[PDB]
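Below you will find one chain, with nothing else, as structure tokens; this is the form deposited without ligand ADP, and questions on how it binds or moves follow later.
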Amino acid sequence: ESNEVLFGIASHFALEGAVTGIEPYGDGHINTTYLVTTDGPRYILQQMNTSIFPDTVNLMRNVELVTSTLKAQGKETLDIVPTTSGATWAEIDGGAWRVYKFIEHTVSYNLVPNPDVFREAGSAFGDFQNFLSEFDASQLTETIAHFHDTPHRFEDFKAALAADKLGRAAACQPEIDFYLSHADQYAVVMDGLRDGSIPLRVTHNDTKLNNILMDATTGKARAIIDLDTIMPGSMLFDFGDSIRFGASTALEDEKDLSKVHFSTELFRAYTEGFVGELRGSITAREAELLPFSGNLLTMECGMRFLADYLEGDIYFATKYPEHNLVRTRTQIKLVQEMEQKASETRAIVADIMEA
């Protein structure tokens, strides 16, 4: 938005400095995020995407519950800065806005630079699952329905494909046919949740690497951010999504596919950290599905990118017309390598489950 509008928004919130600037910030695809600079502290200002999260009240209730519980254990988290009237968010001119304190002395990554960073990510998200187990499912109502229900995502994909609103399907038949041909694989986790062979757990549901902040000195995890999708699911959604984003040798939107590979060493590092924290709760069936959960979440995210391309880019932020096609192509390349390396990942999990 204009500066006039953004500075106006900021005046609704209990900031503790005179604002000097408000500038676009970060690589989130969903909300619209800004860095607020002041004569003292920094803030993150976000316009929440109400097309994706229509029930703002329930969403903020969940975020308040999670963050207040962390605070009450003396654990660093996202610190909501209230409105000047004490509310957790503001509805202003038809938009929903919130502010968080900027988390100082941190670093974050869109791409794993070395195995230790990714091991730490695994530990952080594994620990967060232990934390979340303290809630029962009823305390944290779903903020998005069918969120990691891959068969439901596939129904959405098939509809986007049949409609082919922009005539973009002609240019991406290999990608389309990849997702169509893997239809038989999409129900495995949902079927296990439904029949009780996979435990229903409270999960984070968007565990990509850039949703953790690490300390700039110690390298240890400081805080997990992007708390909007905390809701019931499977452990496998958090593990699989982490592998999807972080076991790649390339960015999610890397144009040069020759740079995109699935790294079994990174898979190992993350699994060491994650299982390291969850060894006392992980079931045999969950352990059996750890490698395939990577395939599943990567395919789910990929099909969502491609569906969005076919629909004219209505869901994910994009920077250029082909951006979602570029994104779906990395996800496909990753799954192709995950398939080829299946025996190796199976062996890695077995080896860690004996440690």
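Numbers follow the displayed sequence, beginning with 1.
What comes next is about the form solved in complex with ligand ADP, which does not appear here.
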Worksheet entry | Result of superposing ligand ADP in the deposited complex onto shown chain, 2.4 Å backbone or C-beta criterion | open
Practice prompt. Find out whether any non-hydrogen atom of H29 is located within 4.5 angstroms of ligand ADP in the deposited complex, and reply yes or no.
Written response: yes
Worksheet item: Can any non-hydrogen atom of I103 be found within 4.5 angstroms of ligand ADP in the deposited complex?
Response: yes
Practice prompt. Answer with yes or no whether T37 is in contact with ligand ADP in the deposited complex, where contact means some heavy atom within 4.5 Å.
Written response: no
Discussion item. So, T50 and ligand ADP: in the deposited complex, are they within 4.5 Å at any heavy atom pair?
Written reply: no
Discussion item. Going by heavy atom distances of 4.5 angstroms or less, which of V188, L213, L251, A169 would be at the interface with ligand ADP in the deposited complex?
Written reply: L213
Practice prompt. Could you check which residue among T56, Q46, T318, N62 gets a heavy atom within 4.5 Å of ligand ADP in the deposited complex?
Written response: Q46
Discussion item. For a quick test of understanding: in the deposited complex, does each of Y25, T33 and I225 have a heavy atom within 4.5 Å of ligand ADP?
Written reply: yes
Practice prompt. Tell me, please, which stretch of 94 to 102, 270 to 278, 134 to 142, 119 to 127 lies within 4.5 angstroms of ligand ADP in the deposited complex when heavy atoms are compared?
Written response: 94 to 102
